[PDB]
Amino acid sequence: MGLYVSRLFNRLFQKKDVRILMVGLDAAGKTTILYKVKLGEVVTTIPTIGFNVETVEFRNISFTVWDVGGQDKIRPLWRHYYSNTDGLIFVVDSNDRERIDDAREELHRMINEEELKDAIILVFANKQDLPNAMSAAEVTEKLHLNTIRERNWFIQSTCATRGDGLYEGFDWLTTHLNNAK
């Protein structure tokens, strides 16, 4: 698993530094995905009391992961990670309808950051395994992804716990990060 996903990134070996942010509300499935793709050690750090960041690095690639939609007064704290971002992965809980609108706002707010203006957008509609989970289509509507313009985005159904859709999602991401600039 980690093997085949690791290969996908060989595509970007020429790139000096591939920066990938992976965000989403808490409990969307971010941490699960990191330990599921086993691309590298999930080094955890605590920049400031209460703010938890997970970092995975391998070769010229790095992932910086943290939860959004928490105490939206800490949002400026996240800016330290926007500069030179090549790709943005937004993980969403497809089964959580109560907070899908919060996800939407965090996402649209985040992709309109001057510094994230040219980042590829990968959306993981996670927890597709759950019975009453919104289909990728309904998550696309709730996240209002069709209102995104001039941006290269893609929504991918996944079950982080089993790994389904991860390879596909990353296959798309790395393919586009490659011919970006």
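Start at 1 and count along the sequence shown; that's the residue number.
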Practice task
Averaging only over Cα atoms, indicate whether 98-106 or 85-93 has the higher B-factor in the PDB entry.
Solution key: 98-106
Handout entry: Of 66-74 and 108-116, the stretch whose C-alpha atoms average the higher B-factor in the entry
Key = 66-74
Problem - Residue selected from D26, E54, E150, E138 by maximal Cα B factor - result: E150
Exercise for the section: Would you please rank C159 by its C-alpha temperature factor against the other modelled residues of its chain and give the third it falls in: lowest, middle or highest? Expected result: middle
Handout entry: CA B-factor placement of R59, once the chain's modelled residues are sorted into thirds
Key = middle
Handout entry: Ranked C-alpha temperature factor of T32 among modelled chain residues, by third
Key = lowest
Practice task
Looking at the entry's B-factor column for C-alpha atoms only, identify whether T45 ranks in the lowest, middle or highest third of its chain.
Solution key: middle
Practice task
Using the B-factor values recorded in the entry, state whether the Cα atom of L39 falls in the lowest, middle or highest third among the modelled residues of its chain.
Solution key: highest
